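Shown next as structure tokens: one chain only, the form deposited in one PDB entry.
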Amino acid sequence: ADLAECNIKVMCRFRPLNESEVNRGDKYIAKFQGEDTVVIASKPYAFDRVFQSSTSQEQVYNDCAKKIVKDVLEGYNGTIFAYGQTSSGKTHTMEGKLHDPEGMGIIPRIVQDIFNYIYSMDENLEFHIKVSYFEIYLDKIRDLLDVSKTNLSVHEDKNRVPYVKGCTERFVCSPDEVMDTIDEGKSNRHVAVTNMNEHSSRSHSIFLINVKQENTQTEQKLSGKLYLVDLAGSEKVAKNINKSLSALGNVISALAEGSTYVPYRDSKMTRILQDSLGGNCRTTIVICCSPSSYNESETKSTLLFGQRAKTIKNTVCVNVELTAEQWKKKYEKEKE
């Protein structure tokens, strides 16, 4: 009818072994079945989809993000975030070779698709797309489009949904504008960072696409937020090196158990993704793993996080906006 309940989608992507791993006695320990199951230590883990090391960027996008883009275009909130220990393949998955047609990742592909669609519709559909690009490090938000603001606050919008107050919101009209924006952010992130390899492994990168469209015929306004997240490393020290990752794990556990209380507040990361996790949003998590034997423990660890998240259910619905005028017309036609 109106709204529907849906599970969080969880895709597991293994990457091929790197030079480093090959040089040691590292052996490929992932055994594949069908295309939804992977075996590690004579144990099966079934997901919505399992991607082998040979799976191309393009394949991942089609099986994972293309659908999200379609929902967002329909007025749905969607989220996609990569999860896994450092070097498992999160950035490669979400970003890839930003401008390489064959090597680019989910984000740049989603950007092209959004505009391909728009350029297809008639003039009756008017889209207003603004983007934001910030990062969360040590529980503090920095705007990648304006690095001078380094500790932005999370507030609630008019519809009581979490949002980074005061973060840059660029209005874009073409893919190119979004790409330049993304290049601008990648670049500023280096400022005041004394070691990008370590920094990025320990920080959260969030790219937000706010899509608002209005139909002149139907007189309806739809709006959907699209979070594309490149989480910090899930590896442990005894416990998660990233407290924010401990939070994400607790939130995921609470939801998966059906507990009335969910610790979203433990970190602003989990507060920003509050709607993505248990709310009005179509979320897809891509857990990234190393097929390496040297990494077997972190992998099982990652596979479990995926198995829990998979059991969570959201109650989503299109996000329509009506004026008091439009609202009453319908109210009357219904109050009949």
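Counting begins at 1, following the sequence as shown. Take the two forms, find the largest set of C-alpha atoms that superpose within 1.5 Å, and that set is the rigid core.
Chemist: Could you settle it for me: does 28-36 or 299-307 have the higher average Cα B factor in the PDB entry?
Modeler: Mean C-alpha B-factor is greater for 28-36.
Chemist: Report the stretch with the higher mean CA temperature factor, choosing between 320-328 and 6-14 on the basis of the entry.
Modeler: Per the PDB record, 320-328.
Chemist: Could you say which of 293, 284, 54, 57 has its CA atom at the highest B factor, as listed in the PDB entry?
Modeler: Going by the entry's C-alpha B-factors, 293 comes out highest.
Chemist: According to the deposited entry, which of 116, 201, 132, 240 has the largest Cα B-factor?
Modeler: Max CA B-factor in the entry, restricted to 116, 201, 132, 240: 240.
Chemist: Using only modelled residues of the chain, where does the Cα B factor of residue 233 rank: lowest third, middle third or highest third?
Modeler: For residue 233, whose C-alpha B-factor we compare with every modelled residue in the chain, the answer is the lowest third.
Chemist: What third of its chain's C-alpha B-factors does residue 255 belong to: lowest, middle or highest?
Modeler: CA B-factor rank for residue 255: lowest third.
Chemist: In terms of the CA temperature factor given in the entry, to which third of its chain does residue 280 belong: lowest, middle or highest?
Modeler: Its C-alpha B-factor belongs to the lowest third of this chain's values.
Chemist: State the tercile, meaning the lowest, middle or highest third, of residue 45 with respect to the CA B-factors recorded for its chain.
Modeler: Its C-alpha B-factor belongs to the highest third of this chain's values.
Chemist: Quick check for you: using the entry's CA B-factors within this chain, is residue 109 in the lowest, middle or highest third?
Modeler: Lowest third.
Not on display, but discussed next: the form deposited in another entry.
Chemist: Where does the C-alpha shift reach 2 Å or more between this form and the one not shown among 153, 159, 187, 120, given a fit on the rigid core?
Modeler: Once the cores are aligned, the residue moving by 2 Å or more is 159.
Chemist: Honestly, after the rigid core fit, is residue 298 moving at least 2 Å at Cα between this form and the one not shown?
Modeler: Comparing forms between this form and the one not shown, the residue 298 CA shifts below 2 Å.
Chemist: Quick check on residue 252: with the core superposed, does its CA move 2 angstroms or more between this form and the one not shown?
Modeler: Yes, shifts by 2 Å or more.
Chemist: With a threshold of 2 Å on the C-alpha, tell me if residue 284 counts as moved between this form and the one not shown once the core is superposed.
Modeler: The answer is no, as the C-alpha of residue 284 shifts between this form and the one not shown by less than 2 Å after core alignment.
Chemist: Residue 305 to residue 276, Cα distance in the other form relative to here: closer or farther, by 3 Å or more?
Modeler: Those two alpha carbons end up farther apart in the other form.
Chemist: Answer with closer or farther for the CA-CA spacing of residue 278 and residue 65 in the other form compared to the shown form; it moves by 3 Å or more.
Modeler: Compared with the shown chain, residue 278-residue 65 is closer in the other form.
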